[PDB]
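Spelled out from the first residue to the last, the chains are:
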2 protein chains.
Amino acid sequence: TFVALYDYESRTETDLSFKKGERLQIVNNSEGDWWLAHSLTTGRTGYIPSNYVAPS
Amino acid sequence: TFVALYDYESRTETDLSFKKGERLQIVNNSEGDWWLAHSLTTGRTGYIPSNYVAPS
């Protein structure tokens, strides 16, 4: 259980909007945390599910 | 630097598609890791930027 420090407005269909002060619980899911990543292989960039990758 | 273990197809405008074997670098950004969260205050659910919250 966490508390929001700041308002946040959603940018896509999958993010959660919330106001400062809201109480949130983290949902365990298979994808793991999401990270912003750059593909050295393709040059594209964007968020990935961290359980899909491993250190080289 | 990481290596993709699985293919991943993007679901939104902000996630990165990639194939097994690709090499990825994590981008440091202010939002921090993103987590799937449920709002006990509003009942809505979806991804949030973890630097926007703190443990209660």
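Rules and cut-offs
- Residues numbered from 1 in each chain as written, not as in the entry; some residues may be left out.
- Chains lettered and ligands numbered in written order.
- Heavy atoms only, no water.
- Residues with missing side-chain atoms left out of burial classes, pairs and counts.
- Contact = heavy atoms within 4.5 Å.
- Helix = DSSP H or I, 4+ residues; strand = E, 2+ residues; numbered from the N terminus.
- Pairing = 2+ DSSP bridges.
- 1 Å grid on protein atoms, 1.4 Å probe; cavity = no way out; pocket = protein on both sides within 12 Å on 5 of 7 lines; lining within 4 Å.
- Points joined across faces, edges and corners; volume = space filled by probe spheres on them.
- Nonpolar A, V, L, I, M, F, W, Y, C, P; charged D, E, K, R; others polar.

Method-wise, the PDB entry is recorded as coming from X-ray crystallography, at a reported resolution of 1.9500 Å.

The PDB entry lists chain A under the name Proto-oncogene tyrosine-protein kinase Src, with Gallus gallus as the source organism.

1. Section: the interface of chain A and chain B
Across the contact, 45 residues belong to chain A and 45 residues belong to chain B. Among the secondary structure elements, those contributing two or more residues to the side of chain A that touches chain B are β1 (2-4), β2 (23-26), β3 (34-39), β4 (45-49) and β5 (53-55) of chain A. If one sorts the elements of the side of chain A that touches chain B by residue count, β3(A) sits on top with 6 residues. In terms of strand pairing, β5(A) meets strand β1 (residues 2-4) of chain B through 3 bridges, oriented antiparallel. What sits directly across from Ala54(A), in β1(B), is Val3(B).

2. Examining the layout of surface pockets
By volume, the largest pocket amounts to about 250 Å³. Forming the walls of the largest pocket are 14 residues, and the residues nearest its centre are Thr14(A), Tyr47(A), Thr12(B), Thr14(B) and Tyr47(B). Of the residues that constitute the lining of the largest pocket, the class distribution is 6 nonpolar, 4 polar and 4 charged.

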